[PDB]
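Quick setup: the structure tokens below cover two forms of a single protein chain, split into structure 1 and structure 2.
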Structure 1
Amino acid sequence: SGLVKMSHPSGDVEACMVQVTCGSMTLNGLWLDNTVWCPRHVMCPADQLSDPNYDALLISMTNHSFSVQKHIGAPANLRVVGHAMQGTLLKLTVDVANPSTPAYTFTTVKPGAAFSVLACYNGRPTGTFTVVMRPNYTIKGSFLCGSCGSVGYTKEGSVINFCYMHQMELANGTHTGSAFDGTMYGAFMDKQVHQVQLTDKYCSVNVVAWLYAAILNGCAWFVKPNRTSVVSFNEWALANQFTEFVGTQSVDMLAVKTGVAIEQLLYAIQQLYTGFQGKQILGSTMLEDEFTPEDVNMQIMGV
């Protein structure tokens, strides 16, 4: 019993972290097979950060411009024998294939989905945490200067699904990055220029999942006979900064185990949004939306 913010074991990903240097700029890279992935802003000098031209910067670079070092495990200097740009990322080719490359895929995450982040500094892993891709395509992490190139991922069976590479900080506690196809989540620019993020929203299906977790742990004071249909809730959601509720088999499993219908929890959300009234739910005083239905199913049952 109990519900905590849980991350995937980070061992397989730690073995892929490397340091990438270009001029006087240093950040983290991901070493898979003979390829090192890193943010392309490593090529940008301080005096050009106010308005950079990445196509011009790439042309000016040679294999000599990049230095790749592995610090963890058996340390090694990797020879860069090729360089290329894919969207907002650099794809460096090195002469040694990573002997600890896990079985992996590249996947893009959708808003409301959770993933683990391995935070790194100078190619060294320092911490791990779980985040949810926000409806405004940002993440609320903990990243300081030098954390760029830190990676986000999930684990499915024995396969690591790499979904995020840390790029920038937009505002206090608000971060964004790219998918491994080179596209930045939310189409933000990888430049130190003015850019406003859209309004964030509460992830409705995650709040329902968290309320089911509370019921399964003996906390059900907020459950009443009252119900709100998913059609009525979704119209209400549009005007109250909540995402559209879309049901799934994982949510249905939680409804059948507890005997509490989804519609009863949509009504509870509308009431709890106007105040918890000094009461707690799982040690929280405001709605929690960073626990997915799959997360609750895993932490509460074998499912």
Structure 2
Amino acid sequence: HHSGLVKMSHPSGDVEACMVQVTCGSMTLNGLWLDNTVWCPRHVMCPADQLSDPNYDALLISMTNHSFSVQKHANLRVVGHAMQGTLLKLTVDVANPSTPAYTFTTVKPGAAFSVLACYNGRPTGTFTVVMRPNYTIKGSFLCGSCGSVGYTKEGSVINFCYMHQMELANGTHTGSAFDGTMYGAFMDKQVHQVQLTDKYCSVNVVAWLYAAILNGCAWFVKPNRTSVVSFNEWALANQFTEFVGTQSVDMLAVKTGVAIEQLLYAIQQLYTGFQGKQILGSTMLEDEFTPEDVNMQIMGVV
């Protein structure tokens, strides 16, 4: 029985109309054109032959407005340049007439967001990811994809949360918030960097087990219960995040009549082994679907 659960992205049209190409010297990547501002990663200033441990403060000073070329696939004349953390803020002379209603925000581990992968200012695909507990995402990014953006949507308002910067040695990806900070302890330097350990997102595992119940698959449900506090102590020893419930999890508990604390116990047992049984066609726990995804795609509740 198919769960009805898929990796679902926001429609990308509104963001598509905001993507531009930014070139500086030997380097080309993507930017995001909102109002009179173009945001892009600051390593566009960096000579393609010196991306290792660059001095961005000095590269910045060396640039003038004419050092930047912004192109929509039109030329947008740059009339101002600034650096905020790991991002540039270029002011251009034309405001984007397709600028949507938007905010900036910072996404938290466990939460999902949509990504528009672009090359040369040209959108090429969209996908959705969860921010891992070690502040990477498991994306699909190649050379020339920096500046691609990740975003959520609430109603008509687009909440930009991510601008892609780099790949780590283990094939996962990270980038910046639009306040210029990198997610995690990462730096936009092409050198060896420690990576924090990943973890299962307990809340998303709970969501997944609820999805299974909503699909009639409930063999893992016993009357036994672990409290939230005792789960969280267990979790620290076991590479799960600590669980923090939400209203969306409460809704699932109500629709199913199965308590969070019964699924926490179930997780503790399934972690040691499924024992031949499957769950929604899987033999390991799934933490890539959020309580919100389950509520929306299975129950029609946004």
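Residue numbering: structure 1 sequence, from 1. For the two forms, the rigid core is made up of the largest set of C-alpha atoms that agree within 1.5 Å on superposition.
Superposition of the core reveals a Cα shift of less than 2 Å for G11 between the two structures. In this overlay on the rigid core, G275 has a C-alpha that sits 2 Å or more away from its partner position between the two structures. On a core-based overlay, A261 has a Cα shift of 1.2 Å between the two structures. Lined up on the core, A46 has its CA atom moved by 2.7 Å between the two structures.
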